[PDB]
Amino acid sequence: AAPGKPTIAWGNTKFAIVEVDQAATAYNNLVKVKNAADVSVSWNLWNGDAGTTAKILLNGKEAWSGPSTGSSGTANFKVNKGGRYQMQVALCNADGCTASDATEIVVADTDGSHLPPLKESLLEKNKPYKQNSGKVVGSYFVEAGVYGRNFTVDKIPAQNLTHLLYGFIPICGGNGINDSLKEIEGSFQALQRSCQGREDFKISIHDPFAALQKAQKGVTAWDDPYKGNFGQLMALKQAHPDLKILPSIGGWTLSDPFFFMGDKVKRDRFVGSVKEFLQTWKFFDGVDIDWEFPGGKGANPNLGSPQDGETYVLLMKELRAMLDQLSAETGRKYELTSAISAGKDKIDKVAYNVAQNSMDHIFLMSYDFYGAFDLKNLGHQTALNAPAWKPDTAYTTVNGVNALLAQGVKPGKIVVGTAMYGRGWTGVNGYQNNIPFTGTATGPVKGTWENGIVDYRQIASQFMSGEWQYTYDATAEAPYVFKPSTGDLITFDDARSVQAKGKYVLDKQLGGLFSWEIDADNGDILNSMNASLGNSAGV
């Protein structure tokens, strides 16, 4: 008769195609990409004949075969595709085969194919919306937001987004390359640890712990291969296959390296590191470039040149070429985007009418127009139009869009920015006609986490009562709160101001809307972004 029924022996059942050192601090030691995972299985037979041939089945499919010389045996084979497999050991002879009971084995891969969908209920004031408008609805998630802000990937209202950009991937480089990071306590040192033994101008992960080692919902097992933000983003992609998750390179304190990109050698190394990155972390759908203003005026007062415009265009073209190269290897479609200054002065330093041909979307940073960084000239930080008391205001959302359109940039490429936070001053005085914006400030307003900035969440729950005055500027389309006693003034976006931006986008046929700091919203902002763009309310 057929052989006896074998019993799979105790042993580890978790494997990975892409290995990650959960204790590594340096990016070069953090991950190793393999062409396939090395799986091992053993078995024992206590009743019946061991047969003549032994086979390993994965969901009924043979993955290994060998002579069945003993009552006990071991098999070593490779699995090139990730996922959860029902593994069985089958012993066969001339009379037939006898398969053991199934034992689940997990072959992990950076696409999340081994993880169950991360489908979380909407929190706070977030309401379900369907992405059926055809317009962009994005937001940025911050890597370090999982600490103090305690805002994790499982808290993202992912169903109400079409695009999700990550909390900034840094570019390696120490003194003279990332000096701007030195302004942030221990931030420069953190990058130096991540880039240990890694070449300057190659990308890395700023905080390896938050990105892949910190236990988070869905990836909490002590031995899970991918944890942290990346692990959850992988499970998120499984739940929202259509969601575009993009790694954002740069930001205010990580843009210094771009200014050196004029050197083709460095630029090629960079592009090369980006390709390898995407090849390693399969859940990402492309790359977003957040070069904090080509031409200077960024965090570093010693960087910036008239050549940055040319460098920017070349970079975008070269990245797009690299992505086309990758698409031919994977068959997948990748997106190339960039967050840019909404200021005409900075916009005119780049030929976007040319760069747009290599980009899918342009995230216009129509916010931070005003803030505690200037205690003399106050104004709406993210308004649509200029205020009535100053119709000549340069820094407005409309002026940014017009500047781009004037260059020849297609309207559908422009994604208007919205703020899920407010910027404010304190001790504001010397204002006339009951318009605080006409006076001056003595300093920054008390912030939620840092001075001068407050989460929209806190504005709505604490600054919408008491002595706080509330006023919606219908002209510029922007709200603001003011406390006469202490002279505290805060400028931000609200449900209505967002509505105005959404209608504006639809009328001018722009690309959509995106927001900064998804963790700072209580849901009012993203709901408005969705509603104003025409997305239908979900179940």
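We number the residues from 1 along the sequence you see.
For the two regions 85-93 and 403-411, the entry's Cα B-factors average higher over 403-411. For the pair 385-393 and 104-112, the mean Cα B-factor is higher in 385-393.
Of the candidates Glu292, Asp285, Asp223, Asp268, the one whose C-alpha carries the top B factor in the deposited record is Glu292. In this structure the maximum Cα B-factor among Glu276, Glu143, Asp455, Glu185 is found at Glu185.
The deposited CA B-factor of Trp281 belongs to the lowest third of values across its chain. For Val39, the recorded CA temperature factor ranks within the highest third of the chain's modelled residues. In this PDB entry, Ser358 carries a Cα temperature factor that places it within the highest third of its chain's modelled residues. Among the modelled residues of its chain, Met316 has a C-alpha B-factor that falls in the middle third, as given in the PDB entry. Placement of the Cα temperature factor of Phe437 within the chain: highest third of the modelled residues, per the deposited record.
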